[PDB]
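One chain is shown next in structure tokens, namely the form deposited in one PDB entry.
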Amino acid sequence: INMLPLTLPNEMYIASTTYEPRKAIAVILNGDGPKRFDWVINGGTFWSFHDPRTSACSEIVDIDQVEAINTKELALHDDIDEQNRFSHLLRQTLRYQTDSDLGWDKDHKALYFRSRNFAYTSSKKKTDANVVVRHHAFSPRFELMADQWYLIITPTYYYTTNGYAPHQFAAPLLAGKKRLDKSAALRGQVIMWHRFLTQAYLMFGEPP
């Protein structure tokens, strides 16, 4: 019910190089072109849903060893190390897609907003509160069940003094705000995150 039906693209650009994922991000931050955050950490290959010909530099790999394949044969793969790599690539793609009005945690791994009421159009009652300090965040998790990939949604709060300074001892207050659920406080948050995600290389469906 909280789970989210991702829809995969039809093409996957792959390459083979011998680089390392630190100096590669170093050159991609000191580059002079469009920066992208969905190119995957080099576990031996280079997988993305983007053409490297129109990228900033693409000096990680040489041009003649780039291939394009279909994502159906790669999404249905066993030997779950590749499944972990696919979840890695999907996490970087989601972090790059909704990257403008969002921030990614390093410890608790959530996507916090960065006061905005954020009213959204719905047929039910307008239950909108402060989202940008009591934030609203969620931890995305990728799981492939039966024939379909899926995102697991988990709401949480990220606390900050002024939006930039980190929290200090707001964890018991976060736990106390978590301990509040009467079948309205979680379904509304799931509805809000679905409405935000429905509005791009990954298409998000309707949760059950």
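By rigid core we mean the largest C-alpha set that fits within 1.5 Å across both forms. The numbering used is simple: start at 1 and walk along the sequence shown.
The form deposited in another entry is left out here; the points below concern that form.
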Next item on the list: Would you say whether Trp47 is displaced between this form and the one not shown, judging by a C-alpha shift of 2 Å or more on the superposed rigid core?
Entry: no
Item checked: Core superposition between this form and the one not shown, C-alpha change of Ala170 at least 2 Å -> yes
Note to self: Using a rigid core superposition, assess whether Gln92 undergoes a CA shift of 2 Å or more between this form and the one not shown.
What the structure shows: no
Check: Closer or farther apart in the other form, the C-alpha atoms of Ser87 and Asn42, for a change of 3 Å or more?
Finding: closer
Checklist line | Closer or farther in the other form, the Cα atoms of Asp38 and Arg91, when the shift from this form is 3 Å or more | finding: farther
